[PDB]
């Protein structure tokens, strides 16, 4: 017989969030923005095997880019294999050869996003328990439940609301700052325990992490992650910024009606003893011995004299509130704005999610 659909328990803002982060249109938009052939790679067809085969093909390119010339297959031939595994669309012209470190990392990053899209699809698979029960949750409750992540919408007068708003406003773009729509407190439990393990580290800061909308569901289910092919200017870690405007550059939003909707995280990061750098080092896989984080220091930093603190689970967590000011020691840094790196997933726990227009 027909199953009852129970009424949705979620507030309107949370329903919109849930709709957005599981939206098939959103996921396909994201694949189009990454030059993927959505006709050849429908969401239902995405598989862990294909994604692994994709990374294998990129691993062969990487070896060709580094270690020869030694009689291996040409970059063209190796590129062609990759494009067979992971179909791309360049207006049905031939896709281009993956013949630089930059392009190799860009393709690795594309596959990391695609892997989180596939995660979201796999998460939504209907269980046998669900086929047998005679009543089902509203689809949005079901999707929310799949995250195994508590989201609590804040209002204006929550203790931390003004602190968060100030952090956004003071360190966001001066001319056209993202407009704050909603903040949710994020409690992904089973993040709590591994995070407790760094309770000794006094130097905690609440930092920005901007992402593709297509990876928000994955992050809510599993936290911020370091994957085998993660990389960037400061190597294989989790990247954060103290300046919203830096992180905002990584937000991939979506046009909805007359607005552009984007999501940004704030994580509590146990930075411990910081190692400061002033030139790019893509080879890093941990801080130097004796250090707990690497901070690629920018020409500017939110003015430290305006820092405040929030008390999160009884630990003081620094929250910048100042506009960015120059840091003379780092005026010649290769970095305009700071990038904060950790190399263990346990050193971050998600605290807030912001919707910005």
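Positions refer to the first chain, counted from 1.
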At least a third of the other entries leave residue 50 unmodelled: no
Residue 30 not built in a third or more of the other entries: no
Mean C-alpha temperature factor, higher of 138-146 and 156-164: 156-164
Average Cα temperature factor in the PDB entry - higher stretch of 191-199, 242-250: 191-199
Of the residues 263, 90, 208, 184, the one carrying the largest Cα B-factor as recorded: 90
Among 311, 301, 37, 292 - the residue whose C-alpha B-factor is largest in the record: 311
CA B-factor placement of residue 48, once the chain's modelled residues are sorted into thirds: middle
Residue 332 - which third its CA temperature factor falls in, relative to the rest of the chain: highest
Ranked against its chain, the third holding the CA B-factor of residue 316: highest
For residue 274, the third of its chain into which the C-alpha B factor falls: lowest
Relative C-alpha B-factor of residue 31, binned into the chain's lowest, middle or highest third: lowest
